[PDB]
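Asks: Pasting a structure here, questions to come.
Neighbour counts are summed over all protein chains in view; Cβ atoms, including those assigned to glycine, are modelled from backbone coordinates with ideal geometry. We did not get these values from a lab; they are worked out from the coordinates using the rules stated.
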Ligand SMILES: *[C@@H]1O[C@H](CO)[C@@H](O[C@@H]2O[C@H](CO)[C@@H](O)[C@H](O)[C@H]2NC(C)=O)[C@H](O)[C@H]1NC(C)=O
Ligand SMILES: *[C@@H]1O[C@H](CO)[C@@H](O[C@@H]2O[C@H](CO)[C@@H](O)[C@H](O)[C@H]2NC(C)=O)[C@H](O)[C@H]1NC(C)=O
Ligand SMILES: *[C@@H]1O[C@H](CO)[C@@H](O[C@@H]2O[C@H](CO)[C@@H](O)[C@H](O)[C@H]2NC(C)=O)[C@H](O)[C@H]1NC(C)=O
C-alpha cells in the first residue's frame with residue numbers, strides 16, 4: 001500500500017528470481033492513461049436538500065450529470081441509494097441545481 | 001503514478017479526509033474555519049522559525 005515501495009504506480013504482485021550473489025524482483029504494476037476532461041461539482045441540491053456521493057465523484061459532459069469512480073470511467077445515473085443526504089445546501093460552496101431519480105416511485109405505479 | 005490529473009483543491013481535501021475515516025460531509029460545511037486554521041498555523045510556524 002505504501003507507494004513507490006515496489007514499482008512505479010499501483011502494485012499487483014511480484015515474482016522473485018535467483019542470481020549469483022543476489023535476488024531479482026519482477027514487479028507487476030498498473031498504470032492509467034488516455035484521459036478526458038470533465039466539469040464537476042461537490043454536491044447536488046434537490047428538493048431543498050443536499051446530496052453527496054457515497055463513493056465516487058460527480059461528472060458532467062455538458063448537459064447530464066453522472067457518478068463515476070475515481071480511477072476509471074463508467075457513468076451511472078444518480079439514484080438515491082448511491083448518494084447520501086446531509087442537511088440543507090445554503091452554506092456549501094459549489095452546489096448545482098439538478099434532479100435526482102429514485103427507484104421506488106416507478107415500481108409503485 | 002503516471003500523468004498529472006488536474007483536480008480542484010477542495011475535492012482533494014475531501015478525499016484526504018475520507019482517507020482517515022472522517023466523512024467528507026464534515027469538510028464542505030467547515031471550509032472557512034479550516035482555511036483560517038491553516039493560515040494561522042503557517043503564520044505561527046513562520047514566526048517560530
Ligand atoms: C452527454 O452524454 C449523454 C449520454 O450519452 C448524451 O445524451 C444522450 O445522447 C444520445 C444520442 O447522442 C441519446 O440517444 C440519449 O437519449 C441522450 N441521453 C441519455 C441519457 O443517454 C448527451 O448528448 C451528451 N452531451 C454532450 C454535450 O456531449
Ligand atoms: C470558480 O472560479 C470562478 C472565478 O475564479 C468563480 O466565478 C466567480 O463567481 C463569483 C460569485 O461567487 C463572482 O463574483 C465572480 O465575478 C466570478 N469570477 C469571474 C471571473 O467571473 C466561480 O464561482 C468558481 N466556482 C466555484 C464552484 O467556486
Ligand atoms: C437553483 O434553484 C433555486 C431555487 O429555484 C434558485 O434560488 C432562487 O432563485 C430565484 C430566482 O433566481 C430567487 O428569486 C429565489 O430567491 C432563490 N431562492 C429560493 C429559496 O427560491 C437558485 O438561484 C438556482 N441556482 C443555483 C445555482 O442555486
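Asks: Name the pairs: first residue in segment A:1-17 and more than 9 Å from chain B (Cβ to nearest Cβ), second residue surrounded by 12 or more Cβ atoms within 10 Å (Cβ to Cβ) and in a loop (DSSP other than H, G, I, E, B), Cβ to Cβ under 7 Å, at least 6 apart or on different chains?
Replies: Partner pairs satisfying both residue conditions: A:14/A:6.
Asks: Of the residues B:45, B:34, only one is assigned to a helix (DSSP H, G or I), farther than 30 Å from residue A:90 by Cα and either more than 14 Å from chain A (Cβ to nearest Cβ) or under 11 Å from the mean Cα position of the chain (by Cα) (or both); which?
Replies: Going through B:45, B:34 in turn, just one is assigned to a helix (DSSP H, G or I), farther than 30 Å from residue A:90 by Cα and either more than 14 Å from chain A (Cβ to nearest Cβ) or under 11 Å from the mean Cα position of the chain (by Cα) (or both): B:45.
Asks: Here is a follow-up. In segment A:36-66, how many are farther than 14 Å from residue A:84 by Cβ, surrounded by 16 or more Cβ atoms within 10 Å (Cβ to Cβ) and within 16 Å of ligand 1 (Cβ to nearest atom)?
Replies: Residues meeting the conditions: 4.
Asks: Quick check on segment A:73-97: of everything there that is touching a residue at least 40 places away in the same chain (Cβ under 8 Å) and away from chain B (no Cβ under 12 Å), which residue is nearest to ligand 3 (Cβ to nearest atom)?
Replies: A:97
Asks: Let me ask another. Hey, residue A:70 hits all of (1) in contact with a helix residue (DSSP H, G or I) (Cβ under 9 Å, 6 or more places away or on another chain); (2) more than 10 Å from chain B (Cβ to nearest Cβ); (3) surrounded by fewer than 12 Cβ atoms within 10 Å (Cβ to Cβ) but one; which does it fall short on?
Replies: (2)
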